[PDB]
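This document opens with one chain alone, in structure tokens, the form deposited in one PDB entry.
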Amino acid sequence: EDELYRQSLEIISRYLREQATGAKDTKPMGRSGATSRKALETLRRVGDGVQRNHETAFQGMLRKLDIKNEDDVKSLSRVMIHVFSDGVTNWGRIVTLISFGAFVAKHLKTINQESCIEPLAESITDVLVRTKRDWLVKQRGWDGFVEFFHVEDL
């Protein structure tokens, strides 16, 4: 039903799955697949950098959240709600959540919780699309994401 949900889930799931399994999903994208490819490409470049540049904090947050089963993923939806509780929404926060999602999904695979990556990607999508839809739509959705992080030429 919700295209934004679908597309967000597609992008976030692919990134999380791809980051956890190390395998890029060759399966074409659904709709707004141009956007989603570029969003995923953007997610890789920015997301991977977030995980590298904030790996110590991500490890700390991961140890703190202690995400080890599907239930624990709820605890992450809470944290993502907490992210936005100051009323501020921006792509940096959003990509950081997704990046942390990928960080968690990696850890999830090391512990036979690959089954939790889809819930994980789901909860991230849900938080974003359920609670920040208006902002997302206002930012032109994943096109705004791609543009926001687009590396301009000289």
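Residue numbers here begin at 1 and follow the sequence given. Shifts are known only where both forms have a C-alpha. By rigid core we mean the largest C-alpha set that fits within 1.5 Å across both forms.
Stretches 105-113 and 26-34 differ in mean C-alpha B factor, with the higher average recorded for 26-34. Two stretches are in play, 87-95 and 52-60, and the higher mean C-alpha B-factor belongs to 52-60. Placement of the Cα temperature factor of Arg140 within the chain: lowest third of the modelled residues, per the deposited record. Remark: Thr42 belongs to the lowest third of its chain, ranked by C-alpha B-factor as recorded. Among the modelled residues of the chain, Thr125 sits in the lowest third by CA temperature factor in this PDB entry. In the deposited entry, the Cα temperature factor of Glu1 sits in the top third of values across the chain's modelled residues. Per the deposited record, the Cα B-factor of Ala20 falls in the highest third when ranked against the other modelled residues of its chain.
One more form of this protein exists, namely the form deposited in another entry; it is left out here, but the text below deals with it.
Relative to the superposed core, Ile67 undergoes a Cα shift of 2 Å or more between this form and the one not shown. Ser85: CA moves 2 Å or more between this form and the one not shown after rigid-core fitting. Between the C-alpha atoms of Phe84 and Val104, a gap narrowed by no less than 3 Å is obtained in the other entry, as opposed to the form on display. Annotation: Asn69/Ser8 CA-CA distance longer in the other entry than in the displayed model, change of at least 3 Å.
After superposition on the rigid core, residues whose Cα atoms move by 2 Å or more in a run of at least three fall only at 67-87 between this form and the one not shown.
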